[PDB]
Number of protein chains: 2
Amino acid sequence: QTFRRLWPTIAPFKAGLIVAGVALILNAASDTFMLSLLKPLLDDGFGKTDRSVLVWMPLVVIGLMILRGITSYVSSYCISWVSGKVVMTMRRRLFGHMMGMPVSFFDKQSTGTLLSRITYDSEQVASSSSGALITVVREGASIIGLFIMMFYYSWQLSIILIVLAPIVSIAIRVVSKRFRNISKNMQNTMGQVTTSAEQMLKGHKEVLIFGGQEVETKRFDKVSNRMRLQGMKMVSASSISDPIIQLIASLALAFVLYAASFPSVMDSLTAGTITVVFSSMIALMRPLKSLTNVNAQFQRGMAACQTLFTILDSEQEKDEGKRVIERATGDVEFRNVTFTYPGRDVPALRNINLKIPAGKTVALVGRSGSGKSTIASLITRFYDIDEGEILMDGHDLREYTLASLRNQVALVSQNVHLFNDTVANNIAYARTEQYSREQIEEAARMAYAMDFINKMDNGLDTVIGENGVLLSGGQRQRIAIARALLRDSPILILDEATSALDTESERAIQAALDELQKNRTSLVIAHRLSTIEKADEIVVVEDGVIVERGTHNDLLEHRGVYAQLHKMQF
Amino acid sequence: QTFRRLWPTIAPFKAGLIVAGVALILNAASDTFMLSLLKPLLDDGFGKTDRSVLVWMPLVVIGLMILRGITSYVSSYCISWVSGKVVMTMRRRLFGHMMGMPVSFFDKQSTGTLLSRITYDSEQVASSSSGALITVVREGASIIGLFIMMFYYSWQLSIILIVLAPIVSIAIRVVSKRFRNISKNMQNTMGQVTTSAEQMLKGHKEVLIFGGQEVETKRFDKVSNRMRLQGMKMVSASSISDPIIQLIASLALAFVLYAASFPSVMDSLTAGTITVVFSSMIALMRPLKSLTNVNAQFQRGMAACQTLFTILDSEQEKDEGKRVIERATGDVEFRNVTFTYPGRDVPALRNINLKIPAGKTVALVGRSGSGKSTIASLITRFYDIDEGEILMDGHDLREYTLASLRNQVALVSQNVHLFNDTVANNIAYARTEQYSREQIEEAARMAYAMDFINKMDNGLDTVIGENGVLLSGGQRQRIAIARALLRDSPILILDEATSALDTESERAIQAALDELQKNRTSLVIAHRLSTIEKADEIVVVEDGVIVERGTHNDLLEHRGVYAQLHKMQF
């Protein structure tokens, strides 16, 4: 199908696959030859009692089987090359566009889901399609050869096995299709009953509150009867596969033997020949069963790969040309802005009109649980501006190249991630360049992480173990403020709540904060009164419709939603 | 192992596994018999040229394979019985004690995680251990047969295979242990690197701000290279698994043939016998690879069983047998209460001397994240009384058990899980018993469920899809208040935050509240603005020290954290 959309991502490796095929064919070649050894064994060897060949057989079997091995060795190792390399390029592009997809892919889908997707689906594509080639080629080496085996030994028994191969293969395809059907149509009710039990368990809370234990026991019981019965049918039918197959398959043997009379009535065969024939037939029965499942495996793989491609074929954050940005801007403004964090149910914000000029410290007071961080996250333009504009010193949203834009903002939230690295360089995500070690380490110490730098393991370049070891929320917050001291955003913002208070820590923190905000705006998530009033100014968060522009210095004289932020909302 | 702990849960089905055994032993009998049948063909059939047996035998093949079939039929279906029955009983007890873990114990795992645990671990236990018995019995039977087969043929090659088969077994056990070791060590570092990439993902926003797409791509690349390499090593070894084994088996075949030449110096065999020998040997080569991984397989099963039994071997919620609970008003009054919602994740509450007399309406305002519901939900003792008891009408909570207590109180929250029944009954999960369908349905529609229950599919006794829960949060709360109206627990507590709902729906819900708050106690999660005061009594709490709350009169009397809240902070 869509191997096209894959072949490039295989192409510059294709040579490897080729290698595979070669030995792979040899592999099943070995198979045939082993069986071939029967011919000299039985008729030529024991019939003529030529103890000569009885010295061939041992050694040649050993050798051939070693060939089977060394093939399997290299087949596996080489398909491992290509599979790994395919996984590699796949996860690479996926990584890339992932870091290109807007916050949606993290909004609509959860991290665990994506990571499962990467690892499982990539390696599934690889594994599946690979094994597809493996079987396919393994079947080619086996079937085709075994027919040639028959050929030299007996035109007749061959002819018959050939004319019958359609019958058996068709029967296999038939039963497989039947029982795919029976195993597909189930999934609906399968998920039905499973998810039913799921809701049961999710509701045990309300259950026990309402004292329905006796009821939900019986409900569990009934749905579990449904469960076990479903399982019964599933395994029953799907297990009828092998019998009927080998049943109808066995008939083959019958005809062969049934019609083995006449050609031995022609005295065509001798014992060894016959043994080779029937052996070979069974050998054939391994890959015949395989082949239908082969097409199945293509389907599984390429399906998951289409899931992939969709995740790729999703579109990154779109930009329209906005290059006009440096590291000193000063003011931000919100005209008539709307956003929708959810799908459509709860409007996030609406016709937001805000104005944070230089130095205007701000603390988010308003609709508790309106995702106040969103407004900051809107300054990040993490979302697309459904209406209005962010006039950041006279220029609109779209006169703002995303690169320098997001470079020009700093956020120190409560919960900060880092990466497994020298914590110093983790501060230095800003290319670790254009900020020298003196700058980095000194300022970082100067930025009040000193008990987290000099006292921690290895002091100056304290390294991370398992991504920050056990660094407190406060540790990471300090580290981010140190980043701010390093990056020195033209506009500096952060988020601190009522989590914890170590006097020196947050005191020197807020000191550095007002250092940053010197003639520079700032926002902080407001749940602490201490952070609210230790700085100068405090704002509204007008409950979805923020027409209000300004802090205490502005929203004090107006007597706006400060009524609610005094008595009814905060 | 823990079979001691599981056998009884199988005992009353013994006969199943017994039929399993007899059938499977027949399966091996069929295997062996066909292989035996191979002889008369070769020695008598074509050697002595007796078309008689050329006619007899083919039919025998058909028959024997029919036996294979029907046996696999019954084997599968019988193991299906026992497996399903085991799954059933297991899931049943797991439901039972799964109704015993405290709500935390419910959230100590994720709901989905426990559901996976039920479904998977149950069917894993069965499937695994069952197939273990399958392998043991069948494969052992095939071995024993094939040895007997050899015996009817030749003392000699038998003896030699008996000397050698242990060595084969040794090689297999050896390589399996080596590569289990390698796989475990990998698994460790595997988790390391995979979780590393996981974190790398989970922190987009940080990077997209700090603009390090290059840095990620590089780190992604390195860790993914590690990934491909681990893949390489894993598949490499696990693939070397087979060929060495088959090489050793090859060595077997070889020395078999050497000591076939030597009793050919004795003129040992005839063609048929010869063909039977090695054929049988390979037939054996399937089940040895079986048996080793067999003694492996229990562990997977029995491991997940231990997981299960532990989930059983948690303690159902403690009880006090105090009982003596009025189905009447009583008086709800916190005293000295100091608890914690999680194990220790976050500090919750301290010294709660809260008094709510009979009929005193209360709201829940303040620390957004103080588990205001958890106060109510702990009137239900969702956790234990860590310190400080609630004197229920002169009786501590500890002075009484949970049974009627939890029945004696109601809680109309925002999100009431419903269940797959005639939703008319869904109101009365506990003991639909003489409760007049007139009374039930009226009170429901009397309780302003009428907005939709009048207009739901089939009218009075409607169900819907998804367990009859297709209703919105609005109809959810509606029917919940209706439930309160059915049980009419003279103890009344509710939970509505009218910050979020439609206007007309809100009109209906407030009217219904009026219809239900007749002289009755009341609490409400107050993230609301207006309906906080429709009942004229509003209050607030932070800091987890609830000594002061209650009516508006009590709001006026706080003069501590809470008066300061409703006058400056909430």
# chains A, B, ... in the order shown; residues from 1 in each chain; ligands from 1
>>> calpha_fit_rmsd(fixed="chain B", moving="chain A")
1.3 Å
>>> select_by_dssp(residues="segment 314-473 of chain A", states="strand (DSSP E or B)", output="ChimeraX atom specification")
/A:332-339,349-356,361-364,366,387-390,409-412,422,463
>>> interface_residues(of="chain B", to="chain A", cutoff="7 Å", atoms="only C-alpha atoms", output="VMD selection string")
chain B and resid 42 46 51 54 to 55 58 62 65 to 66 69 72 to 73 76 to 77 80 84 88 99 103 111 115 198 200 202 to 204 209 to 213 217 221 224 228 231 to 232 236 239 to 240 243 247 250 to 251 254 257 261 271 406 to 407 417 429 to 430 529 566 to 570
>>> residues_around(residues="residue 421 of chain B", least_positions_apart="2", cutoff="8 Å", atoms="only C-alpha atoms", output="PyMOL selection string")
chain B and resi 419+423-426+463+467-468
>>> write_last_selection(atoms="C-alpha atoms", output="PDB file, in the first residue's frame")
ATOM      1  CA  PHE B 419     -25.525   2.945  35.805  1.00  0.00           C
ATOM      2  CA  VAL B 423     -32.734   4.876  34.891  1.00  0.00           C
ATOM      3  CA  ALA B 424     -35.951   5.187  36.879  1.00  0.00           C
ATOM      4  CA  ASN B 425     -34.434   2.503  39.095  1.00  0.00           C
ATOM      5  CA  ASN B 426     -31.013   4.167  38.892  1.00  0.00           C
ATOM      6  CA  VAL B 463     -33.024   4.191  29.749  1.00  0.00           C
ATOM      7  CA  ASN B 467     -25.558   2.784  30.727  1.00  0.00           C
ATOM      8  CA  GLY B 468     -28.407   5.249  30.417  1.00  0.00           C
TER       9      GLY B 468
END
>>> atom_distance(atom1="atom CA of residue 141 of chain A", atom2="atom CA of residue 28 of chain A")
4.9 Å
>>> select_by_dssp(residues="segment 298-505 of chain B", states="alpha helix (DSSP H)", output="PyMOL selection string")
chain B and resi 298-312+372-379+403-408+423-426+437-444+450-453+465-468+473-487+503-505
>>> closest_residue(among="B:268, B:292, B:338, B:370", to="residue 385 of chain B", atoms="only C-alpha atoms")
B:338
>>> atom_distance(atom1="atom CA of residue 108 of chain B", atom2="atom CA of residue 473 of chain A")
22.3 Å
>>> residues_around(residues="residue 386 of chain A", least_positions_apart="3", cutoff="12 Å", atoms="only C-alpha atoms", output="PyMOL selection string")
chain A and resi 335-341+347-352+378+381+383+389-390+397
>>> write_last_selection(atoms="N, CA, C and O atoms", output="mmCIF file, in the first residue's frame")
data_model
loop_
_atom_site.group_PDB
_atom_site.id
_atom_site.type_symbol
_atom_site.label_atom_id
_atom_site.label_comp_id
_atom_site.auth_asym_id
_atom_site.auth_seq_id
_atom_site.Cartn_x
_atom_site.Cartn_y
_atom_site.Cartn_z
ATOM 1 N N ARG A 335 -6.114 43.316 23.104
ATOM 2 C CA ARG A 335 -7.300 43.932 22.532
ATOM 3 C C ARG A 335 -8.289 42.878 22.065
ATOM 4 O O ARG A 335 -7.998 42.098 21.156
ATOM 5 N N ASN A 336 -9.458 42.866 22.700
ATOM 6 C CA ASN A 336 -10.615 42.118 22.218
ATOM 7 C C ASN A 336 -10.297 40.638 22.018
ATOM 8 O O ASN A 336 -10.652 40.055 20.996
ATOM 9 N N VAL A 337 -9.629 40.012 22.973
ATOM 10 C CA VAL A 337 -9.037 38.705 22.738
ATOM 11 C C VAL A 337 -9.972 37.588 23.194
ATOM 12 O O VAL A 337 -10.601 37.660 24.244
ATOM 13 N N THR A 338 -10.061 36.529 22.392
ATOM 14 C CA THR A 338 -10.808 35.345 22.800
ATOM 15 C C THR A 338 -9.968 34.109 22.549
ATOM 16 O O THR A 338 -9.169 34.053 21.612
ATOM 17 N N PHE A 339 -10.199 33.101 23.383
ATOM 18 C CA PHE A 339 -9.519 31.819 23.273
ATOM 19 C C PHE A 339 -10.469 30.734 23.751
ATOM 20 O O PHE A 339 -11.461 31.007 24.433
ATOM 21 N N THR A 340 -10.155 29.494 23.380
ATOM 22 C CA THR A 340 -10.978 28.362 23.796
ATOM 23 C C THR A 340 -10.044 27.200 24.115
ATOM 24 O O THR A 340 -9.715 26.392 23.241
ATOM 25 N N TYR A 341 -9.630 27.137 25.364
ATOM 26 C CA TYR A 341 -8.889 26.040 25.958
ATOM 27 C C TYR A 341 -9.618 24.720 25.718
ATOM 28 O O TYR A 341 -9.001 23.772 25.222
ATOM 29 N N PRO A 347 -16.220 28.781 27.225
ATOM 30 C CA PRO A 347 -15.335 29.786 26.623
ATOM 31 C C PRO A 347 -14.259 30.203 27.616
ATOM 32 O O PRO A 347 -14.557 30.633 28.733
ATOM 33 N N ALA A 348 -12.998 30.056 27.207
ATOM 34 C CA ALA A 348 -11.897 30.324 28.123
ATOM 35 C C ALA A 348 -11.843 31.800 28.490
ATOM 36 O O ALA A 348 -12.051 32.173 29.648
ATOM 37 N N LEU A 349 -11.589 32.652 27.503
ATOM 38 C CA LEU A 349 -11.545 34.089 27.707
ATOM 39 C C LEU A 349 -12.202 34.764 26.519
ATOM 40 O O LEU A 349 -12.402 34.147 25.469
ATOM 41 N N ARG A 350 -12.525 36.040 26.683
ATOM 42 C CA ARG A 350 -13.426 36.678 25.733
ATOM 43 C C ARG A 350 -13.168 38.173 25.721
ATOM 44 O O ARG A 350 -13.202 38.812 26.778
ATOM 45 N N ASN A 351 -12.911 38.719 24.528
ATOM 46 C CA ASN A 351 -12.695 40.152 24.306
ATOM 47 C C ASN A 351 -11.785 40.759 25.371
ATOM 48 O O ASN A 351 -11.970 41.893 25.815
ATOM 49 N N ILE A 352 -10.785 39.981 25.770
ATOM 50 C CA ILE A 352 -9.790 40.395 26.746
ATOM 51 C C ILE A 352 -9.164 41.694 26.268
ATOM 52 O O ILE A 352 -8.704 41.795 25.127
ATOM 53 N N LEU A 378 -1.117 32.588 26.878
ATOM 54 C CA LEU A 378 -1.478 33.351 25.690
ATOM 55 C C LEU A 378 -0.343 34.271 25.278
ATOM 56 O O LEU A 378 -0.060 34.429 24.086
ATOM 57 N N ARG A 381 1.605 32.689 23.256
ATOM 58 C CA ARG A 381 0.909 32.314 22.033
ATOM 59 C C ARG A 381 0.906 30.807 21.830
ATOM 60 O O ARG A 381 0.888 30.331 20.693
ATOM 61 N N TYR A 383 -1.506 29.082 22.125
ATOM 62 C CA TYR A 383 -2.751 28.860 21.427
ATOM 63 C C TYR A 383 -2.888 29.884 20.311
ATOM 64 O O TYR A 383 -2.124 30.851 20.228
ATOM 65 N N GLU A 389 -5.866 40.934 19.635
ATOM 66 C CA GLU A 389 -4.457 41.087 19.309
ATOM 67 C C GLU A 389 -3.671 41.284 20.595
ATOM 68 O O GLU A 389 -4.200 41.775 21.594
ATOM 69 N N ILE A 390 -2.407 40.877 20.561
ATOM 70 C CA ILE A 390 -1.457 41.225 21.627
ATOM 71 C C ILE A 390 -0.569 42.318 21.046
ATOM 72 O O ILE A 390 0.427 42.076 20.361
ATOM 73 N N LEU A 397 0.263 40.761 17.187
ATOM 74 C CA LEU A 397 0.711 39.378 17.333
ATOM 75 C C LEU A 397 1.560 38.938 16.155
ATOM 76 O O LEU A 397 2.633 38.349 16.316
#
>>> residues_around(residues="residue 177 of chain B", least_positions_apart="3", cutoff="12 Å", atoms="only C-alpha atoms", output="compact mmCIF listing (two decimals) with N, CA and C atoms, in the first residue's frame")
# COMPACT_ATOMS: atom_id res chain seq x y z
N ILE B 170 20.09 -29.64 28.55
CA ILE B 170 21.06 -28.83 29.27
C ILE B 170 21.42 -27.62 28.46
N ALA B 171 21.73 -27.83 27.18
CA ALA B 171 22.10 -26.71 26.33
C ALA B 171 20.98 -25.68 26.31
N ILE B 172 19.75 -26.15 26.19
CA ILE B 172 18.63 -25.23 26.09
C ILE B 172 18.47 -24.46 27.39
N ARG B 173 18.49 -25.16 28.52
CA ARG B 173 18.36 -24.47 29.80
C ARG B 173 19.48 -23.45 29.96
N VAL B 174 20.69 -23.82 29.55
CA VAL B 174 21.85 -22.94 29.68
C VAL B 174 21.64 -21.66 28.90
N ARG B 180 18.04 -14.88 29.44
CA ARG B 180 17.21 -14.26 30.45
C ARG B 180 17.99 -13.21 31.21
N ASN B 181 19.21 -13.56 31.62
CA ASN B 181 20.05 -12.59 32.34
C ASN B 181 20.25 -11.34 31.50
N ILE B 182 20.66 -11.54 30.24
CA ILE B 182 20.91 -10.39 29.37
C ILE B 182 19.65 -9.57 29.21
N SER B 183 18.50 -10.23 29.07
CA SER B 183 17.25 -9.51 28.87
C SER B 183 16.87 -8.71 30.10
N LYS B 184 17.14 -9.25 31.29
CA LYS B 184 16.81 -8.51 32.50
C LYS B 184 17.67 -7.25 32.61
N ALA B 237 20.87 -11.29 20.64
CA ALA B 237 20.99 -12.45 21.53
C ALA B 237 19.76 -13.33 21.43
N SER B 238 18.57 -12.74 21.58
CA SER B 238 17.36 -13.53 21.56
C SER B 238 17.20 -14.27 20.25
N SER B 241 19.49 -17.34 20.21
CA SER B 241 18.78 -18.38 20.95
C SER B 241 18.66 -19.66 20.14
N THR B 292 11.16 -26.47 28.59
CA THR B 292 11.99 -25.52 29.34
C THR B 292 11.24 -24.22 29.59
N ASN B 293 10.80 -23.58 28.52
CA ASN B 293 9.98 -22.39 28.67
C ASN B 293 8.72 -22.68 29.46
N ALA B 296 9.51 -22.20 32.86
CA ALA B 296 9.46 -20.75 32.91
C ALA B 296 8.05 -20.22 33.13
>>> atom_distance(atom1="atom CA of residue 358 of chain B", atom2="atom CA of residue 521 of chain B")
6.0 Å
>>> closest_residue(among="A:364, A:434, A:441, A:477", to="residue 537 of chain A", atoms="only C-alpha atoms")
A:364
>>> residues_around(residues="residue 306 of chain B", least_positions_apart="3", cutoff="12 Å", atoms="only C-alpha atoms", output="PyMOL selection string")
chain B and resi 1-6+117+121-122+125+298-303+309-313
>>> closest_residue(among="A:188, A:280, A:127, A:109", to="residue 37 of chain A", atoms="only C-alpha atoms")
A:280
>>> residues_around(residues="residue 517 of chain B", least_positions_apart="4", cutoff="12 Å", atoms="only C-alpha atoms", output="PDB file with N, CA, C and O atoms, in the first residue's frame")
ATOM      1  N   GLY B 359     -30.143  21.326  60.702  1.00  0.00           N
ATOM      2  CA  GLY B 359     -30.793  22.278  59.829  1.00  0.00           C
ATOM      3  C   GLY B 359     -29.922  23.436  59.412  1.00  0.00           C
ATOM      4  O   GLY B 359     -30.336  24.221  58.552  1.00  0.00           O
ATOM      5  N   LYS B 360     -28.732  23.571  59.988  1.00  0.00           N
ATOM      6  CA  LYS B 360     -27.861  24.697  59.689  1.00  0.00           C
ATOM      7  C   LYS B 360     -27.217  24.519  58.322  1.00  0.00           C
ATOM      8  O   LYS B 360     -26.414  23.601  58.119  1.00  0.00           O
ATOM      9  N   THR B 361     -27.561  25.407  57.395  1.00  0.00           N
ATOM     10  CA  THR B 361     -27.005  25.361  56.053  1.00  0.00           C
ATOM     11  C   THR B 361     -25.587  25.921  56.065  1.00  0.00           C
ATOM     12  O   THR B 361     -25.272  26.877  56.777  1.00  0.00           O
ATOM     13  N   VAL B 362     -24.713  25.315  55.265  1.00  0.00           N
ATOM     14  CA  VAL B 362     -23.305  25.697  55.227  1.00  0.00           C
ATOM     15  C   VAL B 362     -22.844  25.712  53.776  1.00  0.00           C
ATOM     16  O   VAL B 362     -23.347  24.947  52.948  1.00  0.00           O
ATOM     17  N   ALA B 447     -38.913  16.849  41.603  1.00  0.00           N
ATOM     18  CA  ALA B 447     -37.614  17.424  41.921  1.00  0.00           C
ATOM     19  C   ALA B 447     -36.941  18.061  40.726  1.00  0.00           C
ATOM     20  O   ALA B 447     -35.711  18.148  40.704  1.00  0.00           O
ATOM     21  N   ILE B 481     -30.331  15.169  42.714  1.00  0.00           N
ATOM     22  CA  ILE B 481     -31.253  15.760  43.677  1.00  0.00           C
ATOM     23  C   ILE B 481     -32.512  14.917  43.760  1.00  0.00           C
ATOM     24  O   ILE B 481     -33.101  14.741  44.834  1.00  0.00           O
ATOM     25  N   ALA B 484     -31.765  12.181  46.089  1.00  0.00           N
ATOM     26  CA  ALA B 484     -31.931  12.700  47.439  1.00  0.00           C
ATOM     27  C   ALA B 484     -33.400  12.707  47.828  1.00  0.00           C
ATOM     28  O   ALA B 484     -33.762  12.382  48.963  1.00  0.00           O
ATOM     29  N   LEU B 485     -34.263  13.045  46.878  1.00  0.00           N
ATOM     30  CA  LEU B 485     -35.684  13.092  47.180  1.00  0.00           C
ATOM     31  C   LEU B 485     -36.240  11.693  47.405  1.00  0.00           C
ATOM     32  O   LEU B 485     -37.202  11.514  48.155  1.00  0.00           O
ATOM     33  N   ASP B 488     -34.615  10.391  50.776  1.00  0.00           N
ATOM     34  CA  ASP B 488     -35.050  11.375  51.758  1.00  0.00           C
ATOM     35  C   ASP B 488     -34.332  11.171  53.087  1.00  0.00           C
ATOM     36  O   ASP B 488     -34.934  11.200  54.161  1.00  0.00           O
ATOM     37  N   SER B 489     -33.030  10.920  52.993  1.00  0.00           N
ATOM     38  CA  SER B 489     -32.235  10.783  54.200  1.00  0.00           C
ATOM     39  C   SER B 489     -32.364  12.086  54.963  1.00  0.00           C
ATOM     40  O   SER B 489     -31.875  13.115  54.490  1.00  0.00           O
ATOM     41  N   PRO B 490     -33.008  12.089  56.134  1.00  0.00           N
ATOM     42  CA  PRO B 490     -33.182  13.358  56.860  1.00  0.00           C
ATOM     43  C   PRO B 490     -31.875  14.092  57.086  1.00  0.00           C
ATOM     44  O   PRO B 490     -31.881  15.279  57.436  1.00  0.00           O
ATOM     45  N   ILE B 491     -30.752  13.417  56.886  1.00  0.00           N
ATOM     46  CA  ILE B 491     -29.446  14.055  56.838  1.00  0.00           C
ATOM     47  C   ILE B 491     -29.162  14.431  55.395  1.00  0.00           C
ATOM     48  O   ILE B 491     -29.168  13.573  54.504  1.00  0.00           O
ATOM     49  N   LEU B 492     -28.919  15.716  55.161  1.00  0.00           N
ATOM     50  CA  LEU B 492     -28.773  16.227  53.809  1.00  0.00           C
ATOM     51  C   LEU B 492     -27.484  17.018  53.690  1.00  0.00           C
ATOM     52  O   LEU B 492     -27.243  17.959  54.448  1.00  0.00           O
ATOM     53  N   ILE B 493     -26.664  16.625  52.722  1.00  0.00           N
ATOM     54  CA  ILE B 493     -25.484  17.380  52.329  1.00  0.00           C
ATOM     55  C   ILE B 493     -25.440  17.350  50.811  1.00  0.00           C
ATOM     56  O   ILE B 493     -25.809  16.344  50.198  1.00  0.00           O
ATOM     57  N   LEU B 494     -25.023  18.443  50.187  1.00  0.00           N
ATOM     58  CA  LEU B 494     -25.022  18.498  48.732  1.00  0.00           C
ATOM     59  C   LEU B 494     -23.714  19.119  48.269  1.00  0.00           C
ATOM     60  O   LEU B 494     -22.858  19.477  49.077  1.00  0.00           O
ATOM     61  N   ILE B 509     -32.382  24.129  38.746  1.00  0.00           N
ATOM     62  CA  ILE B 509     -31.678  23.488  39.853  1.00  0.00           C
ATOM     63  C   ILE B 509     -31.893  24.266  41.144  1.00  0.00           C
ATOM     64  O   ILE B 509     -32.072  23.682  42.214  1.00  0.00           O
ATOM     65  N   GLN B 510     -31.882  25.597  41.065  1.00  0.00           N
ATOM     66  CA  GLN B 510     -32.123  26.385  42.266  1.00  0.00           C
ATOM     67  C   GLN B 510     -33.547  26.192  42.762  1.00  0.00           C
ATOM     68  O   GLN B 510     -33.775  26.059  43.974  1.00  0.00           O
ATOM     69  N   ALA B 511     -34.513  26.154  41.843  1.00  0.00           N
ATOM     70  CA  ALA B 511     -35.889  25.878  42.235  1.00  0.00           C
ATOM     71  C   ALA B 511     -35.998  24.517  42.910  1.00  0.00           C
ATOM     72  O   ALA B 511     -36.680  24.366  43.931  1.00  0.00           O
ATOM     73  N   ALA B 512     -35.315  23.513  42.360  1.00  0.00           N
ATOM     74  CA  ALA B 512     -35.349  22.189  42.969  1.00  0.00           C
ATOM     75  C   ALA B 512     -34.729  22.208  44.360  1.00  0.00           C
ATOM     76  O   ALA B 512     -35.268  21.605  45.294  1.00  0.00           O
ATOM     77  N   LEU B 513     -33.590  22.887  44.510  1.00  0.00           N
ATOM     78  CA  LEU B 513     -32.984  23.050  45.826  1.00  0.00           C
ATOM     79  C   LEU B 513     -33.995  23.599  46.813  1.00  0.00           C
ATOM     80  O   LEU B 513     -34.147  23.083  47.926  1.00  0.00           O
ATOM     81  N   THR B 521     -30.438  20.092  56.853  1.00  0.00           N
ATOM     82  CA  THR B 521     -29.021  20.433  56.804  1.00  0.00           C
ATOM     83  C   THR B 521     -28.566  20.592  55.364  1.00  0.00           C
ATOM     84  O   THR B 521     -29.157  20.022  54.444  1.00  0.00           O
ATOM     85  N   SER B 522     -27.514  21.378  55.165  1.00  0.00           N
ATOM     86  CA  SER B 522     -27.045  21.644  53.817  1.00  0.00           C
ATOM     87  C   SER B 522     -25.588  22.079  53.828  1.00  0.00           C
ATOM     88  O   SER B 522     -25.182  22.946  54.604  1.00  0.00           O
ATOM     89  N   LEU B 523     -24.810  21.449  52.950  1.00  0.00           N
ATOM     90  CA  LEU B 523     -23.494  21.935  52.573  1.00  0.00           C
ATOM     91  C   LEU B 523     -23.432  21.985  51.058  1.00  0.00           C
ATOM     92  O   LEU B 523     -24.186  21.295  50.370  1.00  0.00           O
ATOM     93  N   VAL B 524     -22.528  22.821  50.544  1.00  0.00           N
ATOM     94  CA  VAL B 524     -22.369  23.029  49.109  1.00  0.00           C
ATOM     95  C   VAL B 524     -20.949  23.492  48.821  1.00  0.00           C
ATOM     96  O   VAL B 524     -20.449  24.440  49.429  1.00  0.00           O
ATOM     97  N   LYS B 534     -28.448  32.479  48.006  1.00  0.00           N
ATOM     98  CA  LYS B 534     -29.873  32.194  47.885  1.00  0.00           C
ATOM     99  C   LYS B 534     -30.381  31.504  49.142  1.00  0.00           C
ATOM    100  O   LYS B 534     -31.434  31.854  49.682  1.00  0.00           O
ATOM    101  N   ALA B 535     -29.634  30.517  49.620  1.00  0.00           N
ATOM    102  CA  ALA B 535     -29.664  30.192  51.037  1.00  0.00           C
ATOM    103  C   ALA B 535     -28.843  31.250  51.763  1.00  0.00           C
ATOM    104  O   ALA B 535     -27.644  31.393  51.506  1.00  0.00           O
TER     105      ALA B 535
END
>>> decode(residues="segment 76-84 of chain A", atoms="N, CA and C atoms", output="mmCIF file, in the first residue's frame")
data_model
loop_
_atom_site.group_PDB
_atom_site.id
_atom_site.type_symbol
_atom_site.label_atom_id
_atom_site.label_comp_id
_atom_site.auth_asym_id
_atom_site.auth_seq_id
_atom_site.Cartn_x
_atom_site.Cartn_y
_atom_site.Cartn_z
ATOM 1 N N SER A 76 18.707 -12.350 10.976
ATOM 2 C CA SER A 76 18.237 -11.592 12.113
ATOM 3 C C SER A 76 19.040 -10.320 12.295
ATOM 4 N N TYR A 77 20.369 -10.414 12.280
ATOM 5 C CA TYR A 77 21.180 -9.237 12.580
ATOM 6 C C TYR A 77 20.941 -8.150 11.545
ATOM 7 N N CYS A 78 20.752 -8.542 10.293
ATOM 8 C CA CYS A 78 20.618 -7.557 9.236
ATOM 9 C C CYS A 78 19.240 -6.926 9.253
ATOM 10 N N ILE A 79 18.206 -7.748 9.376
ATOM 11 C CA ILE A 79 16.882 -7.172 9.515
ATOM 12 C C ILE A 79 16.817 -6.349 10.783
ATOM 13 N N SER A 80 17.661 -6.669 11.750
ATOM 14 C CA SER A 80 17.742 -5.825 12.920
ATOM 15 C C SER A 80 18.325 -4.476 12.558
ATOM 16 N N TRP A 81 19.436 -4.459 11.817
ATOM 17 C CA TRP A 81 19.908 -3.197 11.253
ATOM 18 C C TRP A 81 18.759 -2.401 10.689
ATOM 19 N N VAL A 82 18.080 -2.969 9.703
ATOM 20 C CA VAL A 82 17.164 -2.137 8.945
ATOM 21 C C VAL A 82 16.006 -1.722 9.821
ATOM 22 N N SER A 83 15.526 -2.621 10.669
ATOM 23 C CA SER A 83 14.429 -2.292 11.560
ATOM 24 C C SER A 83 14.828 -1.172 12.494
ATOM 25 N N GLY A 84 15.987 -1.309 13.117
ATOM 26 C CA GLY A 84 16.467 -0.257 13.981
ATOM 27 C C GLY A 84 16.587 1.054 13.249
#
